[PDB]
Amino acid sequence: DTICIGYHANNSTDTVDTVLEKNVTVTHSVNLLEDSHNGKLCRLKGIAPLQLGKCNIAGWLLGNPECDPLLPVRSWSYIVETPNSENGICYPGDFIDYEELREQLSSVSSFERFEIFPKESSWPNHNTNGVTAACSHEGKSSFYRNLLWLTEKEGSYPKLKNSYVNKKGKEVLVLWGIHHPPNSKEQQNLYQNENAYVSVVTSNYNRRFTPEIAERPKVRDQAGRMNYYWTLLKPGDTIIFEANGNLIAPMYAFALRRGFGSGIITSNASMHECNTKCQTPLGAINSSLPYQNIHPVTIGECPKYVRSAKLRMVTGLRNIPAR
């Protein structure tokens, strides 16, 4: 009669590393590294992301004619740009503090696009049909959906002054432009006044703009330039536009609502009717593991990104079938 003391063994092939020995075969172990995603863009807890597609933030907020399909979108869980998000500004120029604007939109969960300055009743003494081939739509010269190109009317450009009181109960993102003709002749045909200026002010914003006229290389075959600006108008405050030329006025503005967890990602993956708590530019993750080696960019509640190829914690013991 005998009785021996021994330990468990099985057919497991799971291997793990230790400080003294690499690739040790064990009986039980647990993977701590998530390396699987569904290769799709999904709703984040029921809410769909805003897909800019062929457009970028600039094209979207200015109202580039190429981004009309986006005009009706009011809420999203995160913003998605693609490698082909080329349509931004159509009339060459500089977008002042554009990166900061993108940062702002990054914490916006929703906004309401409204007419801050109705085209028909806002500018009685100025023409508002300014259009350009640089912003064409359907093969015809057009313009930004949210701005208005004001010009001389009947040989005259009276000094304009218009204001808007924010009674939306939220911050109102206001955008506008300043046109810079390539020569004094154009400045005159378009605005009459040779030495014009634009003034934009609020309780905490105050800037003056002077047309800088000069010949420049052609971009989208325009020698002219248009610079774009923006400011956040606090609830209850007033914004005042004053000009005697060169103002690319605000027509539509946005009443912003803030949220948390949003962000802007770049991806070439497609939107699907899927839901997740964790989205990466490559696909969504459904996991409880502490780490993931899928992607560093993350939207939601995800595992920590690490560069590791393998992270397995042994649970059982050294496996020695002894065959």
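Residue positions are given as counts along the sequence shown, with the first one as 1.
Relative to one another, 242-250 and 125-133 have unequal mean CA B-factors, and 125-133 is the one with the higher figure. Just going by the entry, 279-287 versus 24-32 on mean CA temperature factor gives the higher value to 24-32.
Residue set 225, 170, 145, 208: peak C-alpha B-factor at 170 (per PDB entry). Within the listed group 150, 79, 174, 196, the record reports its top CA B-factor for 196.
For residue 314, the recorded CA B-factor ranks within the highest third of the chain. Only modelled residues enter the ranking. Per the deposited record, the Cα B-factor of residue 306 falls in the lowest third when ranked against the other modelled residues of its chain. When the modelled residues of the chain are ordered by C-alpha B-factor, residue 272 sits in the middle third. In this PDB entry, residue 119 carries a Cα temperature factor that places it within the highest third of its chain's modelled residues. For residue 182, the recorded CA B-factor ranks within the lowest third of the chain. Only modelled residues enter the ranking.
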